[PDB]
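Here is the structure we will look at, set down as structure tokens.
For neighbour counting, all protein chains shown are included, and Cβ atoms are generated from backbone atoms with ideal geometry for every residue, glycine included. What follows is calculated from the coordinates using simple rules that are stated; it is not laboratory data.
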Amino acid sequence: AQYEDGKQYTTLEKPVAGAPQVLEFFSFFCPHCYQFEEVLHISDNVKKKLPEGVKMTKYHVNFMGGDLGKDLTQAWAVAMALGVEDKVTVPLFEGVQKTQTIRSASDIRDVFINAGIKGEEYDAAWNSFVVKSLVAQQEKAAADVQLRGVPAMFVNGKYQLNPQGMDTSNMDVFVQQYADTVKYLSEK
């Protein structure tokens, strides 16, 4: 076929019930994730091709960057609760990987303050049980697919994007193939 299991995607032999329709995993420590966000705008281009009525979910993971990696998953939970994903994503990536000015929870917090979230609001969200369960969700979703690598996308709890089997000569052509593959899997 044009789209084949093991080529543009793999199938989970252990499918995950009740999973979000389009589920994406990343880490601010993850170099390809930086590319996916900054250079390729994958999430965005997938959205532009998804049928509407489809919701898009993105979660952070713990298994990179030890202690700070976990701080980052809590901070992303804060970003999700406050609805400010789009204001912190870029400065978090660049603070971790480009300028390397993020070294502690306090530096993560500085990024949010600078992005305009109030101190009081950030620390209250940081310490809230709504953020604790949001952290719990992120971990559970990753756990459910025995996730050992990022970036990673799952569709309908049963297909996993396989970007290694797509062309990388052309950045734009890669993205479209990637997004079309999500759409195909979506309609499957």
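A compact table of results
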| read-out | value |
| --- | --- |
| Local net charge near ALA81, Cβ-Cβ under 12 Å (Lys/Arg +1, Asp/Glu -1) | -1 |
| DSSP-defined antiparallel bridges as percent of all bridges, region 4-159, nearest 5 | 50 percent |
| Summed residue charge, Cβ within 15 Å of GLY157's Cβ, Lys/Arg positive, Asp/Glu negative | +2 |
| Gaussian network model of the chain, springs between alpha carbon atoms under 10 Å - residue of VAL175, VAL88, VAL16 with greatest fluctuation | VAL16 |
| Taking the chain and dividing mean pair separation by its residue count, relative contact order in percent (alpha carbons under 8 Å, at least six apart) | 39 percent |
| Mean ellipticity per residue at 222 nm, deg cm²/dmol - from DSSP H runs of n ≥ 4 across the chain, formula -39500 (n - 2.57) | -14000 deg cm²/dmol |
| Förster radius 25 Å - calculated FRET efficiency between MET171 and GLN21 (Cβ-Cβ, nearest 0.05) | 0.45 |
| Longest site-free stretch - the chain; sites: GluC sites (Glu not before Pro), DSSP loop, at most 10 other Cβ within 10 Å | 53-188 |
| Choice from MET171, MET56, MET153 showing the highest fluctuation, given a GNM over the chain with Cα pairs closer than 10 Å | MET171 |
| Inter-centroid distance (Cα atoms) of region 30-98 relative to region 141-188, Å | 15 Å |
| Sites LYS55 and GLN146, calculated FRET efficiency, Cβ-Cβ separation with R0 22 Å, nearest 0.05 | 0.40 |
| Student exercise, the chain dipole from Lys, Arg, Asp, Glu Cβ charges, in Debye to nearest 20 | 340 debye |
| For q = 0.09 Å⁻¹, Debye-computed log10 I/I(0) when each Cα of the chain counts as one equal scatterer | -0.33 |
| Pair-distance profile P(r), taking every C-alpha pair of region 87-188, with 5 angstrom steps and integer % | 2, 10, 14, 13, 17, 16, 14, 10, 4, 0 |
| Extension gain from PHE63 to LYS132, taking 0.36 nm per residue of separation minus the Cα-Cα distance | 23.1 nm |
| Radius 15 Å from Cβ of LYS55, net charge of other residues (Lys, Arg +1; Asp, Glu -1) | +1 |
